[PDB]
Number of protein chains: 2
Amino acid sequence: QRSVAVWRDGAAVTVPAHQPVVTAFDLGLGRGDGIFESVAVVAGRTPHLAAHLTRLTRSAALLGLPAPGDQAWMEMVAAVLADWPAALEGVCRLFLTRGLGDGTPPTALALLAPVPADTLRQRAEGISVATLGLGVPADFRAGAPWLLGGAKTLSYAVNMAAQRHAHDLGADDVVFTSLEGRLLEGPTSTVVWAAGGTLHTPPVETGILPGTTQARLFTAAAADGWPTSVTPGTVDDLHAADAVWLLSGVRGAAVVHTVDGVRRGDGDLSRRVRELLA
Amino acid sequence: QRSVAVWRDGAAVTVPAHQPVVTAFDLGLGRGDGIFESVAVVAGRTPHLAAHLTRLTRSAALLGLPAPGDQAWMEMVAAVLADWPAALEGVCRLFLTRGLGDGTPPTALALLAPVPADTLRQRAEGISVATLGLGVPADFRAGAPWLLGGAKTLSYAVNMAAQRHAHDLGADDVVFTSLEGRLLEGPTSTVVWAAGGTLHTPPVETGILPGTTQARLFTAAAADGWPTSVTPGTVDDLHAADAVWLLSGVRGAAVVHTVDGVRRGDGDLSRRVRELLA
Ligand SMILES: Cc1ncc(COP(=O)(O)O)c(/C=N/Nc2ccccc2)c1O
Ligand SMILES: Cc1ncc(COP(=O)(O)O)c(/C=N/Nc2ccccc2)c1O
């Protein structure tokens, strides 16, 4: 099952999941002019909701979208959670669109659906990843705010086409690379790798998204005496690593067992990552 | 006024413009995973509909979207035109989204609204343009189909943020540039410029959109003995030109009187461009 709530006249309103909620002129539909956050629902609860709401706020600020505020979002999360089975892991997406235009109200929605079995299987069994160039220099987006580098938008056509291109090659997912071959991130994930006793992730001064699963791992790793580093790594670094993972809010930690058709092990490092994230 | 038609059970169905038509799970909303075309409505007619439908077909093919076919689109255009005032110039947008997922039907819509007075004023009086880098090499997108270079998508968040960035600077519109400073195109237009008795436009092997207003100008220019060229121009070329225009289906030909705050004339070349486009 699926469930949806719309923000109407300062209240969360539950509507049937198959009921249309956005008109033809919504700029989130026609232009992809809006932001989202994907919130894991585990045993009927949203363990990391606050983290996601801080990122929703930053995404909304990058796009100059008026945001309804935390109270509002928590009320819409409550609405869609109301009849949700504790046994069924969910993805609760929050969408904010520019609506019919700035001046008129932005459209706020919450939508909840099961995490798919194939996403669960990838968390359990790991993934193959294709590296695909984005064409941009690593330092470019820092000087080009119009490219929306640190924002999570409704404009994911490229993200989806990258994933289809990867599926066509026989891979499960994508890591983007800069022009010079620097790691950036997934269409939908943050890369992390283990090397020389350290956990590495690429810098986001490169204009990628401050991943919340990754932040939570690095904080717990720090506390457990596992050194962490922001490292301007390349695909060479992924091949040479002791282990590689894609981190995301919904899939969680997916070990990367294949990079560009090159099979790799994890040096049995995945267990401590999973313990720290738990 | 505005009007909308949805494709339901092999028929065009008229619905009130304020009526929701897309559910929360439509991938055109949540992911910007769909295509569009914007069709000028002039004196209650769609003079260039066939041209736009051929481009809709190519966009749909780049995204691997099943397309309903020309018959269907012409029926949805007929539906929204039904009560439309001949005196009111319109923009008829056709949207095709991946729907709830491939396997399930794509969502097809037509939506018709007046061309705004400020767009009409720009056609009459011309525009200021900001050049903004896209960060990509001119030759990059040709080797990177996942970047969707020659497709017109529902994923226009960057396009819109570029335009807002330009408005903030005091400009009306944008021309994108490659890393090396080559002209690409507008978020929503094709650049053309006059130099040395020739009409120039940038190559689209660079992964930009084959503009239909531009094709129509170059065809009529050819027939009238005005030489045309595909020219790998830079911003230098826009400053040095005898005249510069942005061409698009809805605004038409907008003379560019200012490039990056540098004012320019058109050498009285705009009249012959407008005669040829008429
Ligand atoms: C570009 C990009 N980079 C990183 C993450 C890692 O973030 P976190 O640990 O907070 O999830 C995401 C995920 N978005 N979430 C998402 C995207 C698409 C579909 C569903 C969810 C992303 O989209
Ligand atoms: C990237 C890009 N490049 C060129 C044109 C020139 O094409 P044509 O002469 O066929 O119009 C368009 C226009 N889209 N149309 C459009 C875009 C946004 C909003 C409304 C219409 C465009 O979006």
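Here the Cβ is made from the backbone with ideal geometry for all residues, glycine too, and neighbour counts use every protein chain on show. Throughout, read-outs are computed from the coordinates displayed, never taken from laboratory work.
Filter region A:267-278 down to the residues that are touching a helix residue (DSSP H, G or I) at 6+ places or on another chain (Cβ under 9 Å) and crowded, with 18+ Cβ neighbours inside 10 Å and list them by number. Of everything in region A:267-278, those that are touching a helix residue (DSSP H, G or I) at 6+ places or on another chain (Cβ under 9 Å) and crowded, with 18+ Cβ neighbours inside 10 Å turn out to be A:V273, A:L276. In the condition set (1) touching a helix residue (DSSP H, G or I) at 6+ places or on another chain (Cβ under 6 Å); (2) within 14 Å of chain A (Cβ to nearest Cβ), B:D70 is compliant with all but (2). Report the residue count in region A:128-176 for those that are under 16 Å from the mean Cα position of the chain (by Cα), of a type in the set (D, E, K, R) and farther than 21 Å from A:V244 by Cα. So the answer is 1. State whether the residues of region A:183-192 include one that is within 14 Å of chain B (Cβ to nearest Cβ), in contact with a helix residue (DSSP H, G or I) (Cβ under 7 Å, 6 or more places away or on another chain), away from ligand 1 (no atom under 13 Å from the Cβ) and within 20 Å of A:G149 (Cα to Cα). No - not one qualifying residue is present in region A:183-192.
Out of everything in region B:7-55 that is within 15 Å of ligand 2 (Cβ to nearest atom) and among the hydroxyl-bearing types (S, T, Y), what residue ends up being nearest to the other protein chains (Cβ to nearest Cβ)? Only one residue tops the list, namely B:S38.
When A:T107, A:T97 are checked against the criterion of being buried (at least 22 other Cβ atoms within 10 Å of the Cβ), touching a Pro at 6+ places or on another chain (Cβ under 8 Å) and of a type in the set (S, T, N, Q), A:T97 stands alone in meeting it. Taking the residues in region B:210-236 that are touching a residue at least 60 places away in the same chain (Cβ under 8 Å) and within 14 Å of ligand 2 (Cβ to nearest atom) as candidates, determine which candidate is surrounded by the fewest Cβ atoms within 10 Å (Cβ to Cβ). Top of the filtered list is B:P210. Filter region A:230-266 for residues that are touching a helix residue (DSSP H, G or I) at 6+ places or on another chain (Cβ under 9 Å), polar (S, T, N, Q) and farther than 28 Å from A:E89 by Cα and give the result. Answer for region A:230-266, where residues must be touching a helix residue (DSSP H, G or I) at 6+ places or on another chain (Cβ under 9 Å), polar (S, T, N, Q) and farther than 28 Å from A:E89 by Cα: just A:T231. Annotation: A:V204 fulfils all but one of (1) within 11 Å of ligand 1 (Cβ to nearest atom); (2) touching a strand residue (DSSP E or B) at 6+ places or on another chain (Cβ under 6 Å); the unmet one is (2). Taken over region B:123-168, the criterion of being aliphatic (A, V, I, L, M), in contact (Cβ under 8 Å) with a residue 60 or more places away in the chain and more than 7 Å from chain A (Cβ to nearest Cβ) is satisfied by B:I127, B:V129, B:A130, B:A138, B:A142, B:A151.
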